[PDB]
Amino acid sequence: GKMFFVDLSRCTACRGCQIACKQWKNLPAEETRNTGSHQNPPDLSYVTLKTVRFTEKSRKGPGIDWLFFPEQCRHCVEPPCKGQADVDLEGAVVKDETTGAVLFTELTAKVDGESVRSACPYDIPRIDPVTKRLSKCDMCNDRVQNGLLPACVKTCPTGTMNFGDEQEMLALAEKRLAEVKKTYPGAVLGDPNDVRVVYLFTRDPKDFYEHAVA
């Protein structure tokens, strides 16, 4: 099926991906306050499937290393969230045979909300405290099934967001890692063989986010 290659060595934190996700699904905006960061919304939620996380790491000499992480579901080849939800009820979490999309259905209102979150190594799922429905990045699967790019990929002007067949994307991810290493020697791939959203990190993924890798 399909794979995202996300080259974080090209991200400007323009946050087009963040707005493009909400425009496409017509999601509402959260109530936000600035608390000493550009980062907002501060975390993933029921109504926010993607937010760009900002971390500042000091460096010897001028400026900083400003790390950006547009966070989304990894669409794992072997979804731990499915394994967990299939306990209470099958169908609440399904896989798309053709694309690789792990998809939450309306029947997540039956499973244990917090159970399916804990099972997720990347801490992705979020609950609606009213309806009990679980939400996350659905991979814009309907767009993909119609031969369109996911909104976040189409909107990205930098070449950070990349999408297509897992064969092509793993070739790209490997070839680009070799190129990016020349500038950022600590560049690595986020769990290339487990997931369908492969992030290129310019250094230790943990510097970007606590749950950047499993």
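Numbers follow the displayed sequence, beginning with 1. Just so we're on the same page, rigid core means the largest C-alpha set that superposes within 1.5 Å between forms.
Using the rigid core as the fitting frame, the root mean square C-alpha deviation in 5 other deposited structures of this protein is greater for 56 to 64 than for the other of 34 to 42 and 56 to 64.
Annotation for 205 to 213 versus 3 to 11: the higher mean temperature factor (C-alpha) is found in 205 to 213. Here the stretch with the larger average CA B-factor, out of 154 to 162 and 168 to 176, is 168 to 176. Highest C-alpha temperature factor among 128, 71, 142, 123, as the PDB entry reports it: 128.
Comparing the listed residues 61, 147, 28, 41, the entry records the largest Cα B-factor for 61. Looking at the C-alpha B-factors along this chain, the one for residue 190 belongs to the middle third.
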